[PDB]
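See structure below.
Each answer follows from the model by the rule given with it, or from the source it names; none is laboratory data. So basically every Cβ, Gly included, is an ideal-geometry build from the backbone, and we count neighbours across all protein chains shown.
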Ligand SMILES: C=CC(C)(C)[C@@]12C=C(O)C(=O)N3/C(=C/c4c[nH]cn4)C(=O)N[C@]31N(OC)c1ccccc12
Ligand SMILES: C=CC(C)(C)[C@@]12C=C(O)C(=O)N3/C(=C/c4c[nH]cn4)C(=O)N[C@]31N(OC)c1ccccc12
Ligand SMILES: Nc1ncnc2c1ncn2[C@@H]1O[C@H](C[C@@H](N)CC[C@H](N)C(=O)O)[C@@H](O)[C@H]1O
Ligand SMILES: Nc1ncnc2c1ncn2[C@@H]1O[C@H](C[C@@H](N)CC[C@H](N)C(=O)O)[C@@H](O)[C@H]1O
């Protein structure tokens, strides 16, 4: 047979493993994870591997059900087992459904099938209980997955032309709410604000904030100029990072603006840590606080297309700047023009469903020129997916 | 670090590989594919691996869009490349959308990113163009995936109780058609009949038909008794298999019954190969042809719950039998009670969305007793997922 295929792929895994296990602080790790995948695919063969999409779908379905139904929380941590019966008992999910669902997440899924109707946690299932995953994953599976699946349906309505807008997209199609942006439609139900703000807090790859010199720029600023605004700062974790990074400071104003339901959830937590909670909308208003150090956008612009909303953000902010004292900092993923990762692809293509997108370097170039903005410098410590786009008035 | 984790998992892959590469005609292969997956998961780590559900989702989305938009067919086979521009040109899918979508299916996806806006087929993407995958995959992604994703939503409506029925399920919820069974709602639009009949024809794991002695049983039958009926035979590929298996025959009637839109698509193809195309409905009618060799159900019962429809099938067929001359053959997956595969899980849990299910041996036991039917013998050549349930009147 073509068992030969397996050998070559095993060899490469073995090879790539050896490399990974004697480098330092990267390409090695990614390459090995890639050669590891090739093996699985090669073992299965092209035709059986095409069935992976169906397998993948039920697994995401069943994981989502199980997590919502309280199964992850009812099951004992540390790998102690529990029965179908005892689980169903504590959650009220149909023991027959639960048994069937479990089959999707034991054979390889993050659970362990100890024995007949007997299941256990592993660290991979327990990872779904951590702040990052537990804040992120439910929101995505309740509100985003179904839309991403309907991308095909939306573009088919336009004979594969790009009709996507912020208010007419696979999200509005799937949740039947044409005209509303994703945020608008979620915040209308107030029960959603807390989960969504937690999801907005999720930072799985640990964003690097020592990427650009805060201490230097902010404390070379005299008086009213010395003040940073985290626009759409949400929680404010970005601000707190910055503040931690430079305490080499005087009395410096630190403001976190965002919509009202967001400002509610985090306000007095922010007053506490010493930050001004300001309610602001960069779509219906011009930027209030004038002539500041820098106006800082973190994981904001990828929510938006270049026009209309993209230009209006930067235009409503040009209003309150200073030709040479203020500066603008966009902090977001910079997609390579070749060799994108699945980390790149899943964030970008999810946004696609709500009319957002992740931007190339040349994509950020277009955005700046459109708003008559001059690129000062792009900060990136490569081996790191996010850079900062620094810019000024032309 | 815990680079140790990678080593142990590499070792096991290497080990399981060596075993697989000196067995014969199985557990070896599955175990290696399992240890291969562990490695990928271990390399990524529990928290980053939880993000695999999001990655998996966009990949299925983007594959579905690309295949529908005609990209798989526009691209040259054999690994010759083609540009974003030349592809968009031949399909009219937005070159900007196409570029973004491609990122989900190059890094590991079945395509190869030759260079900037330059992509190529590999045998893994070309596999999507084969009869099995190309008949199966579109139907699933258009009609089934979205429902499977909404399993959680449906059961949440019932506080995780099992409300699922053949006409009230995640399918009726997602496609908004409460009251219709999956088949009813698809056949209402006649453009769907041809794709769905091709999907029904899909047989990816190559079902074993030499599993039970046709030559022996059929040709020990005198006269009007000697006649087999493939109920819901669709295409009739099952019948043709059987006929090929025994030509050691006299003039033996071979009938393939199914609903009308199915009988249309395949009728004169079946008359041709010498088979009686009969229109029949085992929900609204009793079984016409009386006292036959055997009544044969292939990949039928997993479309149905035990009651109502399950019992009514066997009851409408008991009508036309012979206490000791006729026999009933259910041919379907037999789920193990432990160590289910993802192959088991994806078929069962998809059905779950339309109120169907795959059955245990003890599950088939319940079904038989409920219809007052006696188990003669279960045929299985293990290492093979499907058996036959042979049964008679009690
Ligand atoms: C789900 C709601 C939001 C959290 C608001 C989110 C919006 C953001 O602006 C954002 O930063 N996000 C995430 C960051 C992250 C990075 N590592 C772990 N989490 C994230 O998962 N989901 C989102 N995201 O991004 C891919 C979305 C995609 C489609 C709709 C909405 C969003
Ligand atoms: C999609 C429509 C059907 C083909 C009618 C199908 C019904 C069957 O009875 C069947 O046998 N099927 C398949 C067999 C197969 C085995 N290996 C490759 N294909 C299959 O994919 N899809 C289905 N299937 O089963 C998991 C479904 C699941 C949910 C709804 C409908 C179905
Ligand atoms: N019209 C709007 N005006 C101002 N902020 C908005 C608007 N729409 C959405 N947002 C906020 O943009 C933020 C997007 C967040 N994902 C980013 C928050 C934060 N900068 C972070 O990096 O995590 C949310 O907090 C939104 O509430
Ligand atoms: N009420 C019904 N009565 C008779 N056949 C039905 C009914 N509903 C669905 N079917 C058929 O059941 C079959 C299910 C197929 N997946 C199986 C066909 C074939 N036995 C095979 O193994 O591939 C389809 O051909 C349906 O048209």
Provide a single number: the residues in the range A:118-169 that are in contact with a strand residue (DSSP E or B) (Cβ under 8 Å, 6 or more places away or on another chain) and either under 19 Å from residue B:100 (Cβ atoms) or more than 10 Å from chain B (Cβ to nearest Cβ) (or both). 3
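Within the group A:342, A:357, which residue is within 14 Å of another protein chain (Cβ to nearest Cβ), surrounded by 17 or more Cβ atoms within 10 Å (Cβ to Cβ) and under 22 Å from residue A:379 (Cβ atoms)? Spell out how you get there, then give the answer.
Values: A:342 fails: under 22 Å from residue A:379 (Cβ atoms).
The conditions single out A:357.
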Matching residues in the range B:10-19 (crowded, with 17+ Cβ neighbours inside 10 Å and more than 7 Å from chain A (Cβ to nearest Cβ)) number 2
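crowded, with 21+ Cβ neighbours inside 10 Å, more than 16 Å from ligand 3 (Cβ to nearest atom), over 24 Å from residue A:52 (Cα atoms) and outside the structural domain of residue B:67 (by TED's automatic domain parsing): does that describe residue B:173? I'd like the intermediate steps shown before the answer.
Values: crowded, with 21+ Cβ neighbours inside 10 Å: no; more than 16 Å from ligand 3 (Cβ to nearest atom): yes; over 24 Å from residue A:52 (Cα atoms): yes; outside the structural domain of residue B:67 (by TED's automatic domain parsing): yes.
Judged against the criteria, residue B:173 is not a match.
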Going by the structure shown, is residue B:41 assigned to a helix (DSSP H, G or I), facing chain A (nearest Cβ under 8 Å) and closer than 18 Å to residue A:26 by Cα? yes
Residues of the range A:140-174 that turn out to be assigned to a helix (DSSP H, G or I) and more than 16 Å from ligand 2 (Cβ to nearest atom), as a count: 22
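Inspect all residues belonging to the range B:75-93 and state whether any of them is facing chain A (nearest Cβ under 7 Å), surrounded by fewer than 23 Cβ atoms within 10 Å (Cβ to Cβ) and more than 16 Å from ligand 2 (Cβ to nearest atom).
The first filter runs over the range B:75-93 and keeps only residues facing chain A (nearest Cβ under 7 Å), leaving B:91-93.
Restricting the remaining residues to those that are surrounded by fewer than 23 Cβ atoms within 10 Å (Cβ to Cβ) gives B:91-92.
Then drop every residue that is not more than 16 Å from ligand 2 (Cβ to nearest atom), which leaves B:91-92.
Checked against the condition, which is being facing chain A (nearest Cβ under 7 Å), surrounded by fewer than 23 Cβ atoms within 10 Å (Cβ to Cβ) and more than 16 Å from ligand 2 (Cβ to nearest atom), the range B:75-93 yields at least one hit.
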Return yes or no: is residue A:271 under 30 Å from residue A:383 (Cβ atoms) and more than 14 Å from ligand 1 (Cβ to nearest atom)? no
Which of (1) over 16 Å from residue A:125 (Cβ atoms); (2) not in a helix (DSSP H, G or I) is the odd one out, the single condition residue A:96 does not satisfy? (2)
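Table: residues versus (1) within 14 Å of chain B (Cβ to nearest Cβ); (2) closer than 22 Å to residue A:217 by Cα; (3) away from ligand 2 (no atom under 16 Å from the Cβ); (4) surrounded by fewer than 20 Cβ atoms within 10 Å (Cβ to Cβ).
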residue	(1), (2), (3), (4)
A:350	yes, no, yes, no
A:362	yes, no, yes, yes
A:369	no, no, yes, yes
A:380	no, yes, yes, yes
Within the range A:261-306, work out how many residues are within 13 Å of ligand 3 (Cβ to nearest atom), under 23 Å from residue A:209 (Cα atoms) and either out of contact with any helix residue (DSSP H, G or I) (no Cβ under 9 Å at 6 or more places or on another chain) or within 14 Å of chain B (Cβ to nearest Cβ) (or both). 1
